[PDB]
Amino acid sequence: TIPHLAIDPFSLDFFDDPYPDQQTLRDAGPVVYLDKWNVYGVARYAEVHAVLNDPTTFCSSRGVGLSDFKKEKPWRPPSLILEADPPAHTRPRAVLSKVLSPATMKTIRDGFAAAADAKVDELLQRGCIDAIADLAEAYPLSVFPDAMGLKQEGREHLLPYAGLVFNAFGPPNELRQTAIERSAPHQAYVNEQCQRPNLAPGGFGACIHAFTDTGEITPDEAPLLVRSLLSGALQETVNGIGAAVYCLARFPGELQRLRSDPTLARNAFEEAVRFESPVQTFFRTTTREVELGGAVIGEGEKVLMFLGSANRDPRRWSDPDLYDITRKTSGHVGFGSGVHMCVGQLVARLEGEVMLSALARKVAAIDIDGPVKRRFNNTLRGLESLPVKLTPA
């Protein structure tokens, strides 16, 4: 009844151009079976949204990568937030929501905006830059580690650790094997920075440790909650900013609109998140037999959700493959949906907004002027290198 496909969504050919295969996955049916990895797949907006919003049946505590924690040992101790279900999920989630709160955003916004303006001014002095290393990576590295309270030494481990985390959600392919082989120094750095003395006063990490006396989390849970912010924050934000820059270079008409109204910056970044979907996929594991898309799925089955595909499903979006900075983006699943929907989305949107604002006010043209190189990762979509010339306004 359900169609079986041989597409490997973790193959390098797929990462190089996923969009035809994503249409094949959507058009084969609401629920497919991926024979390569023995998992169910859902690639249409409707089923992805449904799975995300039914956490009791489609749980996260057996892992959100291919590996089922009831069958195999997790490669690192489970996240207390991403890899927990309600009710254990609820109070750690509340702590992170309060650490990354609207009030925190109000405290840090002016500094984040000044750093974005300064970065764009610096890049305009050079003219020809790499929009990944010099902009998409450099800007978040110039604000987020400081906002965390991390010391200067060792920050070169942050992006590699993130890459490892996201490769480890994938199947046991070469990308995953090599990531875990290289993991020791990055893991050692990250775990040590999670301890209370190593997080500067007033930053996100110190605030997590200060939140250990309310009955929501205990002191021994704070290191792993800091670890979450050192796992899934930087690389996907970098990839989203890089995708926004790529889109503004490839769609110059949209840079022209953004220049004419810099208040479009926040939505231009949200649209880049939908269009690129830096986090392409996550898994859930069924806890009981369930009907989904007319199919019956048994207990203990992995279900692969194609977030990027759901964000390009023509059943839900008009002209899904176009970058449109005035699109009504509400409802996209680039940050997930439901109880696990990105707790750090306010930070990501702040960083993306203020960078696109700086570009909107300061840059007249963004022209690709060298070979564009893609970075392969089992879960993240993003560029390795984006050579551009920036023309000042």
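We number the residues from 1 along the sequence you see.
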Revision key, fill the gap. Assert higher mean C-alpha B factor (283-291 or 305-313, deposited values) equals 283-291
**Study point:** Of 218-226 and 292-300, the one with larger mean CA B-factor
**Key:** 292-300
Practice item. Report the option among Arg126, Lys71, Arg257, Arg76 whose CA atom has the maximum B-factor in the deposited record. Key: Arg126
Check your understanding: Looking at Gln345, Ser67, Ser357, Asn53, which has the highest Cα B-factor in the entry?
Key -> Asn53
Review point. Based on the entry's values, in what third of the chain does the Cα temperature factor of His332 lie: lowest, middle or highest?
Key: middle
Practice item. Divide the modelled residues of the chain into thirds by Cα B-factor and specify which third, lowest, middle or highest, holds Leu135. Key: middle
Point to revise | B-factor third for the C-alpha atom of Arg375 within its chain | key: highest
Practice item. Pull the Cα B-factor of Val39 out of the PDB entry and bin it into the chain's lowest, middle or highest third. Key: lowest
**Study point:** Cα B factor band for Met341 (lowest, middle or highest third within the chain)
**Key:** lowest
